[PDB]
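Below you'll find the sequence and an experimental structure to go with it.
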Amino acid sequence: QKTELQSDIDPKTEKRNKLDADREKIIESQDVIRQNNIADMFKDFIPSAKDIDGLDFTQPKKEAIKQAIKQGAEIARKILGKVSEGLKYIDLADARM
Amino acid sequence: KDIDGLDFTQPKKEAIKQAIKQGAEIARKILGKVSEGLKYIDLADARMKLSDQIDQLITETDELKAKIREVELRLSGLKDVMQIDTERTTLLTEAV
Amino acid sequence: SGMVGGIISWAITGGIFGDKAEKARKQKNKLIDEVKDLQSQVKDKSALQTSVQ
């Protein structure tokens, strides 16, 4: 009976040691989503480095209401792209959880 | 680019929105330096925790290194008693 | 995420992620209290091993 159970220690010490790497592979993939901060995300919502260009290419559209839709276009894109990146992070964490 | 901030925006001197073009990139770069330092927050707080691990470890060593002091203080005292029987034989076998 | 242009989306992602922020924080509430309790067992058993020896 002593030899029965130490022969059951060896799967459980290996199965624990298998899941140690499979935990950390999730952690390495969570670090990619970790890599941008709260305000890096807020830096992206401003269309700066193209926001002057957002008003450079849309100079005659000041009579147009649809200039703000051109403004409203890319912000409506990038709000969704950060959701799905975090929505990957949901399913990535719930595996690790 | 600030001369270029007024080179590309020469007809916008009637426009109020030239200052928004001025206000655009400064509102960007104020945030980019926050997040770089906000990385530095989480980077330090790991190290702040990681230093405290070593602070316990140095404390736990010398507390345990105080224990081998008392053992060696005992064991050297006991080996002193073990030498008494060796010289008790040289005392007695001569006195016999 | 929401209120940059999406006041409607503020309740969307706040409904999605603000739950999961709150749930992970409740895990953060629970586990720190357990580690504080598990450390307290180590403190007494370290004092126990000194007491026995």
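Okay, I see it. Numbering: from 1, shown residues only, chains lettered A, B, ... in the order given.

Just give me the neighbour total for residue 34.
As the question left the chain open, I've gone with chain A. Residues lying near residue A:34 (other CB atoms under 10 Å in any protein chain shown) number 12. In short, each C-beta sits where N, CA and C put it, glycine included.

you looked at the wrong chain, it should be chain B
By other CB under 10 Å, the residues close to residue B:34 number 17.

Roughly how far does it sit from chain C?
Going from residue B:34 to chain C by CB to the nearest CB, to the nearest Å gives 16 Å.

What helices and strands are in contact with the helix or strand hosting that residue?
Residue B:34 is part of helix B:18-95, with elements assigned from DSSP states H and E. Judged by 3 or more CB pairs under 8 Å, 6 or more residues apart in numbering or on different chains; DSSP states H and E, helix B:18-95 is in contact with helix A:38-45, helix A:51-56.

Does chain B have contacts with the shortest one?
Yes - judged by CB under 8 Å from any CB of the partner chain, helix A:51-56 comes into contact with chain B at A:51, A:52, A:55, A:56.

Could you give the number of residues near the residue nearest to residue A:27 when sequence neighbours are not counted?
In space, and not counting its chain neighbours, residue A:27 is closest to residue A:96: 7.3 Å by CB to CB, 6 or more residues apart in numbering or on different chains. Using other CB under 10 Å, residue A:96 is surrounded by 14 other residues.

can you check residue A:82 too?
There are 17 residues near residue A:82, going by other CB under 10 Å.

Residue A:60 versus that one, what's the distance?
According to CB to CB, to the nearest Å, residue A:82 and residue A:60 sit 32 Å apart.

just residue B:83 next, same as before
For residue B:83, the distance to residue A:60 equals 107 Å [CB to CB].

swap in residue C:9?
Residue C:9 sits 31 Å away from residue A:60, going by CB to CB.

Look at these two and report which has more neighbours.
A direct count of neighbours by other CB under 10 Å for residue C:9 and residue A:60 places residue C:9 higher, at 18 against 8.

And the helix or strand in which the more buried one is found, what does it pack against?
Assigned by DSSP H and E, residue C:9 belongs to helix C:7-52. Other helices and strands packing on helix C:7-52, by 3+ CB pairs under 8 Å, 6+ apart, are helix A:67-96.

what angle sits between the helix it packs on and helix A:38-45?
Interaxial angle, helix A:67-96 versus helix A:38-45 (axes from the mean of the first three to the mean of the last three CA atoms, to 10 degrees): 150 degrees.

Flag every buried residue along helix A:67-96.
Residues of helix A:67-96 classed as buried: A:67, A:71, A:75, A:78, A:79, A:82, A:83, A:86, A:89, A:92 (neighbour count, 16 or more other CB atoms under 10 Å in any protein chain shown).

Looking at these, spot the one nearest chain C.
Of all the buried residues of helix A:67-96, chain C sits closest to residue A:75, with 4.8 Å by CB to the nearest CB.
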